């Protein structure tokens, strides 16, 4: 048992990566009620703390556990003002304060582009300082998700540190993708219903039968590889009957529909700014993409697939919330790869 806490967890993209890599995600901390409720649905055995990280310290956190829990890793997404304001920069520093106070074997922070700007070099240096005494801090890892077999080209920075006391040697071999087959839009969307319930914002789950008669790495991750103690029981049970949630469409006017039908692959609609997916391409950074074949925006479940979430992962019922939950996540496929490198290091 190597134990992690996920700070700023959202619905648990990075958590699922950790769990699949072999870590036990013991606690998730997330301020947003919808995000953390969704995290609890998918990770019912993790502790859930709906809290501002600024109100936390090492002693408070040990108090939550009550059992002198060894915190082997602190992972998370520290917020940053980025391309946007001030409180996010405070929260950034609290992530690193917590790492310093808790002294885990490692930390992993993920950030979107915006973090490397000159105007943040002060707070990044201040954060490096809190940890550089006790940690071997790796240079930034900038990854493109599609290189790890996720169907999207979104880029992400990972910042990793490992306790000096461990005296580990870290080559990039461990984090680099090897033996990875690319997953295009067409492959990720295979077997989903062609006819879906197109509504406005309905309050009920859109459970639908899919075809699951495919083979290969992506599909094993899509329909299985459920870590121990992870997963919504009903979602898992329904998946056994080829039934999954989130297949809910949006009702479009005929004029919109005709405009979308006329889009070529990769074309951005001049009016809505939505872009039609290329079936042999990847999903751009997650306005909603237009389906490659159907004249409509994609469904939450389609977005989930394109982001690298498995079909058994359950999101909020509404399109509004689920699309935000999906867009705000690290791809679980990318997260798993990077975190498995760290797990392997800590088992030598």
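Residue numbers count along the first chain shown, from 1.
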As the entry stands, the deposited residues without coordinates between residue 58 and residue 59 add up to none
Using none, 1 to 3, 4 to 9 or 10 or more, say how many deposited residues go missing between residue 84 and residue 85. 4 to 9
Return whichever of 276-284 and 40-48 has the greater mean Cα B factor according to the PDB record. 276-284
Could you settle it for me: does 73-81 or 170-178 have the higher average Cα B factor in the PDB entry? 170-178
Highest CA temperature factor in the entry: which of 271, 196, 210, 189? 271
Kindly indicate the residue among 104, 161, 149, 216 with the greatest C-alpha B-factor in the PDB record. 216
Taking the chain's C-alpha temperature factors as the reference, tell me which third residue 225 falls into: lowest, middle or highest. middle
Where does residue 54 sit by CA temperature factor within its chain: lowest, middle or highest third? middle
Ranking the modelled residues of this chain by C-alpha B-factor as given in the entry, is residue 185 in the lowest, middle or highest third? middle
Should residue 131 be placed in the lowest, middle or highest third of its chain by the C-alpha B factor in the entry? middle
Residue 250, C-alpha B-factor rank within chain (lowest, middle or highest third): middle
